[PDB]
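*Asks:* Chains as they are written, first to last, in the entry's author numbering: chain A, 1225 to 1273; chain B, 1 to 176, 300 to 464, 468 to 591; chain C, 98 to 145; chain D, 1127 to 1175; chain E, 195 to 242; chain F, 2 to 61; chain G, 2 to 40.
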């Protein structure tokens, strides 16, 4: 019932939501064969879709 | 008759916070056309003081004594000048009776009573009724305070008339139940014509004897040095476009002096080896002198500068500079992001012809860059090609929305330069031809960017109902 | 039509092919070689 | 300073990825080779600030 | 001059013999060969 | 098969436009005929005195 | 007085009126226009 227990990894356009989110990892250049296990948590567009 | 009563009472109302007098006016066919008055949207006015050049700006001085200095992004002092010059223009009451009428007989058939010294005949075809306000700052009124007056049409086009205070009050200042029924009963004192400054427009002023302005005990004086300062203010407000034209002329002469005249080809028209060019050079000199003779505010560079002054040109200049200042594209944005994209230009032109001594001033031309070469090729606004670059008896000037420059002699050879407005201040360049944006009235939608229906068109042929 | 079908090939390898027609034209002749026509599909991740 | 960071962290340079391999890695491929021997198993972990 | 981006066509012609097809091709692509020789004159020491 | 007349194309040697095809100007004669016009059109005749002297003439 | 063109050898044209025409007054019309600009 707090606001956010990690304010550097939550907002739409923070460090991790441009680092691990694939919709903003696409504009940085990534090997698509790799598995980074934050991808299943930070795909917010996929989650809300 | 109707809007005179309302605006007279409303100027009785608002005298505490804005100190103007009710100056009722009528106009005729001697000023604006029947097609131009049938669809007339709304009238405007703002009076110029003797020492101050406006009312809406600061009372003592302004910031408008700085030149634009040929800037790129901020066109004329940014966009604060746009809202500033919009703030000083006031909207006035308005009505058009679009049918033939005799003014004395119309006011006699209506409720009022005319009491003239003599019943002359004013035969006019359509009467537009409006009231403007000459402002008394103190009780004293100045005989050099001039009153400007706009006529705004639905497309966005306007004409400009203005007139002093000597010709408004040349006689009527030297001759010194409800309110509506006594106003109807006593009524109008007399009628006289008033001229503009340049003696072009003859319109008529109506002096009502039941005006409350007669009960304010206004004082008046018309000095010579105040009239001379008004003469210099009007000198500047007329000399703005003409000093822009002289800046263009010595710009062309200096850029001919600079490289000597061995000028390249910038337009797509062929040439032949055999034809002499001494004749077309003498034609260039004669036609440039002819363009110096027939110079006018209705020209290419002024209409190229008219959409430059608004805020949309500032936003488009900022975004176009941000787009043209953009680095080499990276594959990361090419492969997943939104891709990027100025199809054909929108120029203006003056076409001057030496053999017939007829220049043609207001021309629109869509230019294009030819794909095979690096040359410019002009085209009409419909889509046909422009064949005046064939005629050896003509010349043509060009101007970009970037405000670049091309003076083109026959053969597609163009004297390239840039326009110079360093020598011009800000306030005349604003209040001469600031492009005005329409306000909401009858017939137009609420949100911008919509398809428009037909005009209201208060009509003289149909039954108006 | 180009801004019609540009908005329907939003993928990786399609825009990679468009970026792989970027180089010189004399070799752009040599890159393409016709494979023929196609009748049936299977509509998987790797359609056959 | 980039050669310093690559020397300090341990991982090497791209070894001059050409203009086609940039869009090839944007298409997605395998770059990290296997290690000498895996007694334990296939490694995986990640990171979040 | 600057750009080199091509055009793709499909020709459903009834002509069989190939030289009699390149005759019609040179008849109907005169702008393209004229642009080719314009590029050959305007940028020498290159290879189109 | 005699001397007949047909529609040949009108052959005319022309020049397609370029970026460095210059129209050279005679300096020492035509610029020195432009010199006196440039120095005589600076002083006076600004086209800012005619309508202003008319609106001052109606006043005085 | 005469100009300097790049392509030294002149070109035959299709003479499209769809393009711009090329300064097609002969020497008689040039001399006549010289007299008209004179008088």
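Quick reminder that beta carbons are idealized off the backbone N, C-alpha and C, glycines included.
Given a cut-off of 8 Å on the beta-carbon distance, is the pair residue 135 of chain B and residue 388 of chain B in contact?
*Replies:* Numbered from 1 along the second chain, position 135 holds the residue referred to as residue 135 of chain B. Numbered from 1 along the second chain, position 265 holds the residue referred to as residue 388 of chain B. Contact: no.
*Asks:* When Cβ atoms are compared, which residues of the segment 1132-1161 of chain D fall closer than 7 Å to chain B?
*Replies:* 1148, 1149, 1152
*Asks:* Below 8 Å between beta carbons: does that hold for residue 1252 of chain A and residue 455 of chain B?
*Replies:* Stepping through the first chain from its first residue, residue 1252 of chain A is reached at position 28. Stepping through the second chain from its first residue, residue 455 of chain B is reached at position 332. Result yes, Cβ atoms of residue 1252 of chain A and residue 455 of chain B sit closer than 8 Å.
*Asks:* Using a Cβ-Cβ cut-off of 7 Å (strictly less than) and excluding sequence neighbours within five positions of residue 368 of chain B, which residues of its own chain qualify?
*Replies:* Position 245 of the second chain, counted from the first residue, corresponds to residue 368 of chain B. Cβ neighbours of residue 368 of chain B beyond the five flanking positions: 418.
*Asks:* Leaving aside the five residues before and after residue 336 of chain B along the sequence, list all residues of the same chain whose C-beta is less than 7 Å from its C-beta, in chain order.
*Replies:* Against the second chain, residue 336 of chain B aligns to sequence position 213. Result list for residue 336 of chain B: 21, 22, in chain order.
*Asks:* Could you work out which residue in B:314, B:539, B:491, B:543 is closest to residue 373 of chain B when comparing CA atoms only?
*Replies:* Position 250 of the second chain holds residue 373 of chain B. Per the Cα distances, B:543.
*Asks:* In chain B, what lies closer than 9 Å to residue 112 of chain C by C-beta?
*Replies:* For this step, residue 112 of chain C is matched to residue 15 along the third chain. Neighbourhood of residue 112 of chain C in chain B, by CB distance below 9 Å: 457, 458, 459, 462, in chain order.
*Asks:* Looking at C-beta atoms only, is the number of pairs between the segment 101-110 of chain B and the segment 133-148 of chain B that lie closer than 8 Å three or more?
*Replies:* no
*Asks:* Any chance the CB of residue 1262 of chain A is under 7 Å from a heavy atom of the ligand NAP?
*Replies:* Looking for the ligand NAP in the displayed structure turns up nothing, as the structure carries no ligands at all.
*Asks:* Would you please verify whether the beta carbon of residue 1236 of chain A is less than 8 Å from any beta carbon of chain J?
*Replies:* The structure shown has no chain J; the protein chains it does contain are A, B, C, D, E, F and G.
*Asks:* Taking any Cβ of chain B, which residues in the segment 1237-1262 of chain A have a Cβ under 7 Å from it, in chain order?
*Replies:* If the cut-off is 7 Å between Cβ atoms, the segment 1237-1262 of chain A has 1250, 1251, 1252, 1253 near chain B.
*Asks:* Nearest CA to the CA of residue 399 of chain B: which residue from B:304, B:477, B:536?
*Replies:* To locate residue 399 of chain B, count along the second chain from 1; it is residue 276. Of B:304, B:477, B:536, the residue nearest in Cα terms is B:536.
*Asks:* Got a sec, what are the start and stop residues for the beta strand (DSSP E) residue 22 of chain B sits in?
*Replies:* Numbered from 1 along the second chain, position 22 holds the residue referred to as residue 22 of chain B. 20-27 is the extent of the beta strand (DSSP E) around residue 22 of chain B.
*Asks:* Terminal residues of the continuous alpha helix (DSSP H) containing residue 36 of chain B?
*Replies:* Taking the first residue of the second chain as 1, we reach residue 36 of chain B at position 36. DSSP places residue 36 of chain B inside the alpha helix (DSSP H), whose first and last residues are 34-38.
*Asks:* Would you call the segment 24-33 of chain B and the segment 326-342 of chain B touching, i.e. three or more CB-CB distances under 8 Å?
*Replies:* With the cut-off at 8 Å, the segment 24-33 of chain B and the segment 326-342 of chain B touch.
*Asks:* Could you tell me the alpha carbon to alpha carbon distance between residue 233 of chain E and residue 1231 of chain A, rounded to whole angstroms?
*Replies:* Indexing the fifth chain from 1 puts residue 233 of chain E at position 39. Indexing the first chain from 1 puts residue 1231 of chain A at position 7. For residue 233 of chain E and residue 1231 of chain A, the distance between alpha carbons rounds to 59 Å.
*Asks:* So is residue 497 of chain B in contact with chain C if we call contact Cβ pairs under 8 Å?
*Replies:* If you number the second chain from 1, residue 497 of chain B lands on position 371. False, the Cβ-Cβ gap to chain C never drops below 8 Å.
*Asks:* How long is the line joining the alpha carbons of residue 99 of chain B and residue 1 of chain B, rounded to whole angstroms?
*Replies:* Mapped onto the second chain, residue 99 of chain B falls at position 99. Mapped onto the second chain, residue 1 of chain B falls at position 1. One C-alpha to the other measures close to 15 Å.
*Asks:* Which chain B residues sit within Cβ distance under 9 Å of residue 109 of chain C?
*Replies:* On the third chain, position 12 is the one that residue 109 of chain C refers to. Ordered by position in chain B, the residues that pass the 9 Å Cβ test against residue 109 of chain C are 458, 459.
*Asks:* Buried or exposed for residue 110 of chain B, going by 16 or more other Cβ atoms inside 10 Å?
*Replies:* Start at 1 with the first residue of the second chain, and residue 110 of chain B comes out as number 110. That one is exposed.
*Asks:* Helix, strand or coil for residue 142 of chain B per DSSP?
*Replies:* Position 142 of the second chain, counting from 1, holds the residue named residue 142 of chain B. Here residue 142 of chain B sits in strand by DSSP.
*Asks:* Tell me whether residue 1261 of chain A is buried or exposed, calling it buried when 16 or more other Cβ atoms sit within 10 Å of its Cβ.
*Replies:* As a first step, residue 1261 of chain A must be located in the first chain, where it is residue number 37. By the Cβ neighbour-count rule, residue 1261 of chain A is exposed, with fewer than 16 other Cβ atoms within 10 Å of its own.
*Asks:* Can you confirm whether residue 236 of chain E, when its beta carbon is compared against all beta carbons of chain C, has any partner nearer than 8 Å?
*Replies:* Position 42 of the fifth chain, counted from the first residue, corresponds to residue 236 of chain E. No, residue 236 of chain E lies away from the interface with chain C (no Cβ there is under 8 Å from its Cβ).
*Asks:* Would residue 38 of chain B and residue 586 of chain B qualify as a contact pair, given that the criterion is a beta-carbon distance under 8 Å?
*Replies:* Position 38 of the second chain, counting from 1, holds the residue named residue 38 of chain B. Position 460 of the second chain, counting from 1, holds the residue named residue 586 of chain B. By the CB criterion at 8 Å, residue 38 of chain B and residue 586 of chain B fall inside the cutoff.
*Asks:* Measuring only between beta-carbons, confirm whether residue 452 of chain B sits less than 8 Å from chain D.
*Replies:* By one-based count along the second chain, residue 452 of chain B stands at place 329. Closer than 8 Å to the CB of residue 452 of chain B there is not a single CB belonging to chain D.
*Asks:* Hey, residue 152 of chain B and residue 562 of chain B are a contact pair by Cβ (cut 8 Å); roughly how many whole angstroms apart?
*Replies:* Taking the second chain and counting its residues from 1, one reaches residue 152 of chain B at position 152. Taking the second chain and counting its residues from 1, one reaches residue 562 of chain B at position 436. Rounded, the Cβ-Cβ distance is 7 Å, consistent with contact.
*Asks:* Going by the CB atoms, is the gap between residue 59 of chain B and residue 552 of chain B shorter than 8 Å?
*Replies:* Here residue 552 of chain B refers to the residue found at position 426 of the second chain. Here residue 59 of chain B refers to the residue found at position 59 of the second chain. Contact flag unset, no.
*Asks:* Going along chain F, which residues have a C-beta under 8 Å from residue 386 of chain B?
*Replies:* Here residue 386 of chain B corresponds to residue number 263 of the second chain, with the count starting at 1. Going along chain F in sequence order, the residues near residue 386 of chain B (Cβ under 8 Å) are 23, 24, 26.
*Asks:* Have a look at B:138, B:52, B:48 and flag the residue whose alpha-carbon is nearest the alpha-carbon of residue 17 of chain B.
*Replies:* Position 17 of the second chain, counting from 1, holds the residue named residue 17 of chain B. Looking at the Cα atoms, B:138 is the closest of the given residues.
*Asks:* Does the beta-carbon of residue 557 of chain B have 16 or more other beta-carbons within 10 angstroms, so that it is buried, or is it exposed?
*Replies:* By one-based count along the second chain, residue 557 of chain B stands at place 431. It is buried - the Cβ of residue 557 of chain B has at least 16 other Cβ atoms within 10 Å.
*Asks:* In chain E, what lies closer than 8 Å to residue 500 of chain B by C-beta?
*Replies:* Translated into positions along the second chain, residue 500 of chain B becomes position 374. Going along chain E in sequence order, the residues near residue 500 of chain B (Cβ under 8 Å) are 195.
*Asks:* Give the secondary structure of residue 130 of chain B by DSSP, where H, G and I count as helix, E and B as strand, and everything else as coil.
*Replies:* Within the second chain, numbered from 1, the residue matching residue 130 of chain B stands at position 130. Assigned with DSSP and collapsed to three states, residue 130 of chain B falls in strand.
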